[PDB]
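Asker: Quick one: structure below, then a few questions.
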Amino acid sequence: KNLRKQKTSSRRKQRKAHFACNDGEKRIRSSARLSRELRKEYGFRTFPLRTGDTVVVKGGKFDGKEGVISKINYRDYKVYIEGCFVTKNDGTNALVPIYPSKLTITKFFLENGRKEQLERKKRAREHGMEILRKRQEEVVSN
Amino acid sequence: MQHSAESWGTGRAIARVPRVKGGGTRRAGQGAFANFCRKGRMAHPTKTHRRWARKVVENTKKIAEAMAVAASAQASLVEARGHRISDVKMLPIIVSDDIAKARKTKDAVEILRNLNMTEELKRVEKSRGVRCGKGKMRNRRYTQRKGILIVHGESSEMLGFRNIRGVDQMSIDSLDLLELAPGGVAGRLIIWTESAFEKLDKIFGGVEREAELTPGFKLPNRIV
Amino acid sequence: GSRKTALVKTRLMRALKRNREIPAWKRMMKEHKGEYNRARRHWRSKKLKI
Amino acid sequence: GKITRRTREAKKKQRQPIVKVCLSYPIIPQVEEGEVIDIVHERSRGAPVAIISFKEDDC
Amino acid sequence: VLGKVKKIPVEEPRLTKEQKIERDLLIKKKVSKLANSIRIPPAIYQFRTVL
Amino acid sequence: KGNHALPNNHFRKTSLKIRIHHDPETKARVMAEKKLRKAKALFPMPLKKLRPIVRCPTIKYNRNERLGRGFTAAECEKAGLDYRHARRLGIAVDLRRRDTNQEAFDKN
Amino acid sequence: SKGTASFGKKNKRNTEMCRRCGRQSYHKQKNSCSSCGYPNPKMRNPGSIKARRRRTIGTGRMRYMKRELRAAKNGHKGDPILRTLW
RNA sequence: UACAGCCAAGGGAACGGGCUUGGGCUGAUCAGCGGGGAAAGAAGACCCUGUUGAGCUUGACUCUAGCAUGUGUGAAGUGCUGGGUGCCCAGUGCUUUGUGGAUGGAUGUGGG
RNA sequence: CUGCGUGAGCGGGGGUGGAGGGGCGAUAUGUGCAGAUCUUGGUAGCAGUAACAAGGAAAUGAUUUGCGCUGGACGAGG
RNA sequence: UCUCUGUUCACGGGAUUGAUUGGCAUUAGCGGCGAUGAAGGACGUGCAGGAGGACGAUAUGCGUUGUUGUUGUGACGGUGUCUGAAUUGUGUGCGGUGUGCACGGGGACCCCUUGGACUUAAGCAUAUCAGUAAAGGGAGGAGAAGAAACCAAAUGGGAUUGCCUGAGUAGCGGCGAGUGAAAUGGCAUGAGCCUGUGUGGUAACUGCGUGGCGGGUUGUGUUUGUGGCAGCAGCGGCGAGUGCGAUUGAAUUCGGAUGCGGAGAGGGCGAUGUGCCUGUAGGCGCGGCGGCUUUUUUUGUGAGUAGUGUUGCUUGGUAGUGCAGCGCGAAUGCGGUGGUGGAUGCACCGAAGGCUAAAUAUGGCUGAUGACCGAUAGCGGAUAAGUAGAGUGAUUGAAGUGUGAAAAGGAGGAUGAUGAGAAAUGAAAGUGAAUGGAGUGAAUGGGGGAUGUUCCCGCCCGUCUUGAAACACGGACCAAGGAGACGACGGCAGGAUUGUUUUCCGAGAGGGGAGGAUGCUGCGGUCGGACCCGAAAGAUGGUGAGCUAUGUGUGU
Ligand SMILES: [Zn+2]
């Protein structure tokens with residue numbers, strides 16, 4: 002019951018697939034982009050997020066801050082970062098939720114089997130960039 | 057009409073419309089079925105077998121396509137309906153058939169700046185926006201002006217002209233009226249290739265000589 | 002009455018342990034505030050029909 | 002119209018009949034000897050009924 | 002259905018593998034006696050003469 | 004009322020039904036894909052059979068010819084062939100038709 | 002006294018819960034359900050147009066028919082152990 | 001519950017709160033009361049009209065369940081008395097080896 | 001609040017509001033309300049009126065005293 | 001103070017503007033249940049749980065495999081209390097005591113049986129509505145039909161099924177109202193076979209079993225696909241290209257730059273988007289499931305049938321168009337048919353046994369679309385809706401969407417805090433407070449003049465009617481909804497394109513030259529629910545003797 006590769010271009014069907022998909026698809030729609038200096042080691046652009054990653058905010062009142070993710074809520078599209086808070090009417094602090102597509106990944110987390118997820122996708126991309134080169138260079142003759 | 061409603065008749069000091077049967081709910085005793093009752097049906101319901109299309113005389117269809125082709129060479133008509141042209145050499149515009157070798161979009165955009173069609177593709181870009189009333193939520197959200205039309209004579213399509221915002225394509229063997237005179241007003245800006253431009257005397261013929269590739273058709277004669 | 006069949010007794014028991022309000026630990030949550038059970042029955046107004 | 006009383010009283014009696022006991026005596030070609038063991042009243046009859054006992058049969 | 006009594010089907014009792022055999026031979030006798038009490042044509046009666 | 008032709012519109016039956024296909028352009032091209040898919044499942048053999056030339060019956064259509072159903076067993080025999088073997092070579096055979104004209108017999 | 006006073010005599014109950022359909026419509030003196038027709042082997046013809054859409058295929062749980070529909074999309078392969086015998 | 005609320009005459013769809021020409025209590029309360037508002041309630045049940053119904057009757061028109069009476073179908077073999085011209089039929093007893101459950105059409109009757 | 005128009009109607013200014021809105025030509029219509037004992041929802045007058053309740057008391061009330069007549073069990077129904 | 005009337009602030013109510021994970025329509029595929037226990041019902045399962053949803057004693061979920069570190073989830077496999085056809089049964093085949101099959105669910109579309117009335121005829125009985133609705137039995141992804149005992153009248157065509165023409169025609173019909181074909185011609189799709197008389201130098205045949213048993217001479221006669229060819233659906237993964245300045249609570253706005261494009265479809269993100277994310281164009285990888293595809297020599301037949309007298313139904317079928325009951329009941333160089341009863345020529349065909357793709361129909365499910373509706377609309381149902389509730393029962397059946405970008409926070413009052421903003425917008429009817437003016441006259445209106453009035457004129461609208469201010473009927477007040485649109489066939493007017501147009505009279509026998517066609521808009525005519533709302537009735541299929549009436553068993 003995955004829905005993010007729908008053929009339809011109907012507005013009601015697309016908003017329905019964003020707000021009501023399963024939790025597996027909520028994580029891929031919560032994807033972030035890598036920095037320039039981290040995108041020279043791995044070849045790819047965006048990768049999804051988890052706790053422990055270091056990011057940087059871009060736009061809003063926390064524009065320019067940097068911190069570590071302390072909690073994620075995939076179902077509601079909410080990320081909590083250490084250092085972006087507010088004081089309630091009691092003296093206490095609370096963390097503010099941010100939307101995942103306004104962050105940039107720098108120095109992610111590599112401990113619970115995540116070092117291999119990055120290496121599997123780095124191989125699939127360079128294998129796919131050669132099917133395109135062989136086709137292109139031969140279609141160069143085409 | 058999904059009730060067993062019946063009128064109560066006269067003698068009870070209420071009007072004669074039919075009314076819901078039952079008890080124990082606020083629906084019980086209210087009006088039903090009539091076009092002036094809440095939750096009723098329409099007086100004359102809309103039906104699926106009304107006529108949606110119309111028939112055009114076949115010869116008048118071809119007279120209209122020939123007027124639209126004729127008006128694409130008057131510079132006063134092509135500038136009346138937009139189409140900013142101050143730097144084209146002459147109308148009509150004809151290029152060779154070797155633009156089909158531009159299969160990357162980066163090259164097709166270079167061919168179009170060489171023909172001085174540059175400030176035309178900028179006018180279409182800046183006209184795009186959201187539609188005003190209720191149609192925006194019926195899958196019709198953006199609108200924009202019409203741009204250039206490329207009439208070629210090759211097969212399915214030119215892949216390198218397909219992404220440009222403000223460019224259409226049409227085959228010489230189709231030649232439809234809905235692309236030639238958009239909105240019903242003639243005078244679009246058309247670019248011909250040299251193979252397509254030479255087939256124009258067989259499709260339309262003359263005023264006193266019949267056309268081959270279209271049996272019977274002759275241009276209409278003049279009344280003044 | 003005191004006399005009743007076995008099938009009448011087990012449906013009266015099921016109806017009995019249904020007539021209850023939302024528990025307090027669920028109402029105290031952040032995203033369940035302002036919620037009451039609203040499917041409640043009082044033995045004088047509405048009858049069960051055996 | 003509706004159905005007359007005569008016809009309904011006939012239908013009530015096939016549903017809930019009046020029953021009498023069917024008196025009769027058996028076949029015995031040789032001269033035997035009986036024995037009146039009782040004389041009794043019966044519902045729906047006016048005549049009393051006798052119970053007579055033979056060597057291998059009652060009537 | 003208008004003050005009447007019911008339809009009362011029958012579905013009479015069934016024979017059990019020895020009443021049936023007892024019922025087949027009753028029919029074979031009743032039918033054989035009718036075949037010898039009416040006049041028998043010549044082409045069927047000639048088979049009553051064997052070696 | 005008025006001077007008009009007498010009308011004869013038959014809509015007095017409630018059981019009557021209306022029938023419309025609202026998109027005959029997509030229905031034609033879905034049937035041309037079916038037709039090209041049979042053709043390359045029979046690939047070498049051409050999906051249509053050879054049919055004869057016949058003559059329209061009455062005095063109104065007397066002077067007109069037409070494609071017919073099939074050839075006869077005598078037309079197949081004189082062309083050097085058996086009608087059981089003409090059917091394996093893509094030729095249609097009709098054993099109901101009779102032979103009564105010598106010119107038409109020769110065209111076929 | 003056919004109105005209010007006659008309502009105080011209505012304390013006998015003619016029906017009980019039906020063991021096929023679960024409504025209070027099994028008439029005990031008649032031995033018959035007025036909703037579904039039990040104990041006839043077939044179910045009764047519904048009495049109205051709306052009655053057909055209150056109790057049909059899909060208004061309950063469909064505990065088996067859902068499973069069978071997921072199996073017919075994959076060709077009815079069964080338990081992977083037993084597949085050797087087949 | 002159109003809006004309102006004091007009378008005489010006139011004319012008016014021939015008994016006006018309002019129209020025309022005259023006569024007038026009393027500045028805003030409380031308790032009573034049954035002249036008027038042709039007071040309220042209910043698309044007059046009486047009466048007429050409609051090419052609108054239904055309960056019931058019979059000597060209305062057209063039909064029909066049931067019932068009566070000839071006649072076709074059904075089971076084989078025999079005797080007997082009578083009709084007309086050798087003939088077809090009537091009753092008819094007997095024998096056992098079919099069966100009694102029915103079924104087609106015709107005339108009469110039929111406010112159930 | 002103010003200008004224009006014989007009229008159906010169309011403009012401008014100051015508050016409020018917090019996201020979209022129009023002109024002109026052709027074309028498609030479920031295209032304009034005071035009434036139908038019209039439909040659904042809300043609200044007046046009548047009117048703080050009709051109707052109903054205010055059960056004998058003793059500063060207190062597990063104490064003292066005054067009045068009424070159903071009282072106690074099994075079944076149906078809950 | 002009270003009554004009426006200006007102004008400002010506060011109420012009361014939920015119209016309006018703008019949104020929408022809902023509805024509705026057309027189109028392409030599919031049409032997948034059950035004795036191997038279904039659909040439906042009852043009761044249960046979470047450490048802390050009511051509704052809903054999910055699940056079955058392996059119970060708020062277990063195994064394998066993919067993706068994940070998470071309140072985790074996708075694809076497939078297993079389990080499934082007590083019930084229910086509910087069966088430890090009833091019927092029946094093969095065997096000879098073993099082992100099969102049928103039953104229920106659903107029924108839009110299809111086949112067979114049975115079979116109305118409303119309605120139209122301005123009344124009504126034949127007729128019409130209509131062999132239609134309702135009821136019952138039997139099937140499938142379609143079904144049924146089908147390879148001439150045909151059509152016809154030429155120099156002849158050549159199985160079934162669908163569409164256009166033929167044609168509102170030939171005809172049937174209180175010859176009234178009405179009703180109503182086909183062949184030919186033009187298209188789509190195309191395909192033909194099996195059997196009851198098969199050896200006699202030996203049943204050459206097959207259900208069960210491992211060289212045998214059962215059947216069969218009253219007659220059996222049944223090899224073969226991990227191979228090829230064509231197609232259809234699904235799953236997984238890779239997927240190009242960005243930075244400054246001003247305004248803002250926040251920018252996708254405005255102003256300079258710099259890139260991608262077989263990708264400028266659509267959606268989200270604090271607001272209006274080609275380089276912020278998801279996808280998109282386009283390549284790769286992996287299952288699965290079907291269709292075609294193997295051909296030893298064979299000759300001959302269809303009976304309680306066809307037909308026919310009588311009776312009933314049906315069709316355009318007119319003197320059977322077709323079907324059925326009862327009775328009679330055929331032929332073998334023979335039998336059947338040719339739009340009027342019978343005769344005779346000539347023409348054309350072989351019934352009474354069996355099977356057969358494709359082109360056609362259609363609730364629901366899944367994909368893709370739209371000049372459709374936008375909370376009194378659209379499905380009854382945008383929410384714990386066939387729910388809450390009503391009825392003995394069959395049945396019946398609603399009302400209810402919105403704090404904010406962020407919970408950053410309130411909820412008797414007062415004092416305050418946060419926020420861009422106290423927080424969707426907030427009409428009329430009606431009301432409270434303050435303040436200006438007027439009054440003891442029913443009020444309200446027009447002319448002419450004026451910071452209220454003084455003079456003149458002025459009875460309450462809509463409707464039926466010869467005639468209404470009426471002692472004629474409807475109308476307390478406000479908002480929203482609310483009625484000549486659509487289809488078929490003909491005529492005329494205006495307009496568009498083209499123009500080398502015409503099968504005549506007459507019942508017949510006979511006689512014989514004389515500018516339209518195809519669309520578009522409007523109006524008049526007829527049949528359709530037919531401008532909108534309204535009877536007393538008639539028919540088909542089902543529910544009730546807990547009130548009340550009579551009989552009967554057993555108590556007081
Ligand atoms: Zn039941």
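Protein chains in written order, with the authors' numbering: chain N6, 2 to 143; chain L4, 57 to 280; chain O9, 2 to 51; chain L2, 2 to 60; chain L8, 2 to 52; chain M3, 4 to 111; chain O7, 2 to 87.
For every residue, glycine included, the Cβ atom is placed at its ideal position computed from N, Cα and C.
Can we say the segment 65-85 of chain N6 touches the segment 15-30 of chain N6, given the rule of at least three CB pairs closer than 8 angstroms?
Answerer: Touching, per the Cβ criterion.
Asker: Spatial neighbours of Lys123 (chain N6) within its chain, please: C-beta separation below 8 angstroms, excluding the five flanking residues on both sides.
Answerer: Numbered from 1 along the first sequence, position 122 holds the residue referred to as residue 123 (chain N6). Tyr43, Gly44 and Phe45.
Asker: State the DSSP-derived secondary structure class of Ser33 (chain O7), mapped to helix, strand or coil.
Answerer: As a position in the seventh sequence, residue 33 (chain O7) is number 32, starting the count at 1. Note: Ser33 (chain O7) maps to strand in three-state DSSP.
Asker: Hey, is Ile23 (chain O9)'s beta-carbon within less than 8 angstroms of any beta-carbon in chain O7?
Answerer: Here residue 23 (chain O9) is taken as the residue at index 22 of the third sequence, counted from 1. Not one chain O7 Cβ lies under 8 angstroms of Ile23 (chain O9).
Asker: Do the CB positions of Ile204 (chain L4) and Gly185 (chain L4) come within less than 8 angstroms of each other?
Answerer: As a position in the second sequence, residue 204 (chain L4) is number 148, starting the count at 1. As a position in the second sequence, residue 185 (chain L4) is number 129, starting the count at 1. No.
Asker: Skipping 5 residues on each side, what residues in its chain have a beta carbon closer than 8 angstroms to that of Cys85 (chain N6)?
Answerer: Your numbering for residue 85 (chain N6) matches position 84 in the first sequence. Excluding positions up to five away in sequence, the list reads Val58, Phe63, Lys66, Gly68, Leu96, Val97 and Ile99.
Asker: On the DSSP bridge list, what partners appear for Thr249 (chain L4)?
Answerer: Residue numbering aside, residue 249 (chain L4) sits at position 193 when the second sequence is read from its first letter. Bridge partners of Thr249 (chain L4): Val151 (chain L4).
Asker: Taking only heavy atoms of ligand 1 into account, decide whether any of them is closer than 7 angstroms to the Cβ of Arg55 (chain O7).
Answerer: Start at 1 with the first residue of the seventh sequence, and residue 55 (chain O7) comes out as number 54. No, ligand 1 has no heavy atom inside 7 angstroms of this Cβ.
Asker: Compute every distance between the C-beta of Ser33 (chain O7) and the non-hydrogen atoms of ligand 2, then say whether any falls below 7 angstroms.
Answerer: Among the ligands present in this structure, namely ligand 1, ligand 2 is not found.
Asker: Report the CB separation of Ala33 (chain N6) from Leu104 (chain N6) in whole angstroms; it is logged as a contact under 8 angstroms.
Answerer: Residue numbering aside, residue 33 (chain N6) sits at position 32 when the first sequence is read from its first letter. Residue numbering aside, residue 104 (chain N6) sits at position 103 when the first sequence is read from its first letter. Yes, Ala33 (chain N6) and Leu104 (chain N6) are in contact; Cβ-Cβ is about 5 angstroms, under 8 angstroms.
Asker: Under the criterion of a Cβ to heavy atom distance below 7 angstroms, does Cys60 (chain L2) qualify as lining ligand 1?
Answerer: For this step, residue 60 (chain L2) is matched to residue 59 along the fourth sequence. Because no heavy atom of ligand 1 lies under 7 angstroms away, the Cβ of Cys60 (chain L2) does not count as near it: no.
Asker: Indicate the three-state DSSP secondary structure (helix, strand or coil) for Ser211 (chain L4) in the structure shown.
Answerer: Numbered from 1 along the second sequence, position 155 holds the residue referred to as residue 211 (chain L4). If DSSP states are grouped into helix, strand and coil, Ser211 (chain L4) belongs with coil.
Asker: In chain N6, which residues lie with their C-beta within 7 angstroms of the C-beta of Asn195 (chain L4)?
Answerer: As a position in the second sequence, residue 195 (chain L4) is number 139, starting the count at 1. Those are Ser11 and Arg12, listed as they occur along chain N6.
Asker: If you follow the alpha helix (DSSP H) that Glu62 (chain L4) is part of, which residue opens it and which one closes it?
Answerer: Residue mapping note: residue 62 (chain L4) aligns to position 6 of the second sequence, counting from 1. No alpha helix (DSSP H) holds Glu62 (chain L4); DSSP gives it neither H nor E.
Asker: On the criterion of 16 or more Cβ atoms from any shown chain inside 10 Å, does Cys59 (chain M3) qualify as buried, or is it exposed?
Answerer: Numbered from its first residue, the sixth sequence carries residue 59 (chain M3) at position 56. So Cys59 (chain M3) ends up on the exposed side.
Asker: Is any heavy atom of ligand 1 found at a distance shorter than 7 angstroms from the C-beta of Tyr27 (chain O7)?
Answerer: Your numbering for residue 27 (chain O7) matches position 26 in the seventh sequence. Checking the Cβ of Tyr27 (chain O7) against ligand 1 gives yes.
Asker: Enumerate in chain order the residues of its own chain whose CB-to-CB distance from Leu177 (chain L4) is below 6 angstroms, with the five nearest sequence positions on each side excluded.
Answerer: Position 121 of the second sequence, counted from the first residue, corresponds to residue 177 (chain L4). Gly222.
Asker: I want to verify the contact list: residues of chain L8 whose CB lies under 7 angstroms from the CB of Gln15 (chain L2), in sequence order.
Answerer: By one-based count along the fourth sequence, residue 15 (chain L2) stands at place 14. The contacting residues are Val6.
Asker: What's the call for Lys118 (chain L4), buried or exposed, on a 16-neighbour Cβ count within 10 Å?
Answerer: Mapped onto the second sequence, residue 118 (chain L4) falls at position 62. Buried, since its Cβ has 16 or more Cβ neighbours within 10 Å.
Asker: Leaving out the 5 sequence neighbours to the left and right, which residues in its chain are closer than 7 angstroms to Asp153 (chain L4) when beta-carbon positions are compared?
Answerer: Here residue 153 (chain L4) refers to the residue found at position 97 of the second sequence. Excluding residues within five positions, the ones whose Cβ falls inside 7 angstroms are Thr249, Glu250 and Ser251.
Asker: Measuring only the C-alpha atoms, how far is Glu78 (chain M3) from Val96 (chain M3)?
Answerer: Locating residue 78 (chain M3) in the sixth sequence gives position 75, counting from the first residue. Locating residue 96 (chain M3) in the sixth sequence gives position 93, counting from the first residue. The alpha-carbon atoms of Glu78 (chain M3) and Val96 (chain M3) are separated by roughly 10 angstroms.
Asker: Can you give me the C-alpha to C-alpha distance between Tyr46 (chain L8) and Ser38 (chain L8), rounded to a whole angstrom?
Answerer: For the purposes of this step, residue 46 (chain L8) is taken as the residue at position 45 of the fifth sequence. For the purposes of this step, residue 38 (chain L8) is taken as the residue at position 37 of the fifth sequence. Answer to the nearest angstrom: the Cα atoms are 13 angstroms apart.
Asker: Give the DSSP-derived three-state secondary structure of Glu268 (chain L4) in the structure shown.
Answerer: As a working mapping, residue 268 (chain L4) is identified with position 212 in the second sequence. Looking at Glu268 (chain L4) - three-state DSSP - the assignment turns out to be coil, as it is neither helix nor strand.
Asker: Is the distance from the Cβ of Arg187 (chain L4) to the Cβ of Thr199 (chain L4) below 8 angstroms?
Answerer: Residue 187 (chain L4) sits at position 131 when you count from the first residue of the second sequence. Residue 199 (chain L4) sits at position 143 when you count from the first residue of the second sequence. Yes, they are a contact pair.
Asker: Are the C-beta of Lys12 (chain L2) and some C-beta of chain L8 separated by less than 8 angstroms?
Answerer: As a first step, residue 12 (chain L2) is located in the fourth sequence; it is residue number 11 there, counting from the start. Yes, contact with chain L8.
Asker: So, does the segment 74-90 of chain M3 touch the segment 25-36 of chain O7, judging by three or more C-beta pairs under 8 angstroms?
Answerer: No: the two stretches stay apart, fewer than three of their Cβ pairs being nearer than 8 angstroms.
Asker: Taking the C-alpha atoms as reference points, what is the distance between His25 (chain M3) and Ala35 (chain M3)?
Answerer: Working through the sixth sequence from its first residue, we reach residue 25 (chain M3) at position 22. Working through the sixth sequence from its first residue, we reach residue 35 (chain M3) at position 32. About 18 angstroms.
Asker: Span of the beta strand (DSSP E) holding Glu112 (chain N6)?
Answerer: By 1-based counting over the first sequence, the position of residue 112 (chain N6) is 111. Segment: none, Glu112 (chain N6) is in no beta strand (DSSP E) and carries neither H nor E.
Asker: Report the residues of the segment 4-17 of chain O9 with a CB closer than 9 angstroms to any CB of chain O7, ordered along the chain.
Answerer: Result list: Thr6, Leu8, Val9 and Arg12.
Asker: Taking the beta strand (DSSP E) that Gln86 (chain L4) belongs to, which residues open and close that run?
Answerer: Stepping through the second sequence from its first residue, residue 86 (chain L4) is reached at position 30. Note, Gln86 (chain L4): premise wrong, no beta strand (DSSP E); not H, not E.
Asker: Report the rounded CA-to-CA distance for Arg75 (chain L4) versus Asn46 (chain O7), giving the unit in angstroms.
Answerer: Start at 1 with the first residue of the second sequence, and residue 75 (chain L4) comes out as number 19. Start at 1 with the first residue of the seventh sequence, and residue 46 (chain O7) comes out as number 45. Roughly 28 angstroms separates the two Cα atoms.
Asker: Answer with yes or no whether the minimum CB distance from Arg6 (chain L2) to chain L8 is below 8 angstroms.
Answerer: Numbered from 1 along the fourth sequence, position 5 holds the residue referred to as residue 6 (chain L2). No, its Cβ sits nowhere closer than 8 angstroms to a Cβ of chain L8.
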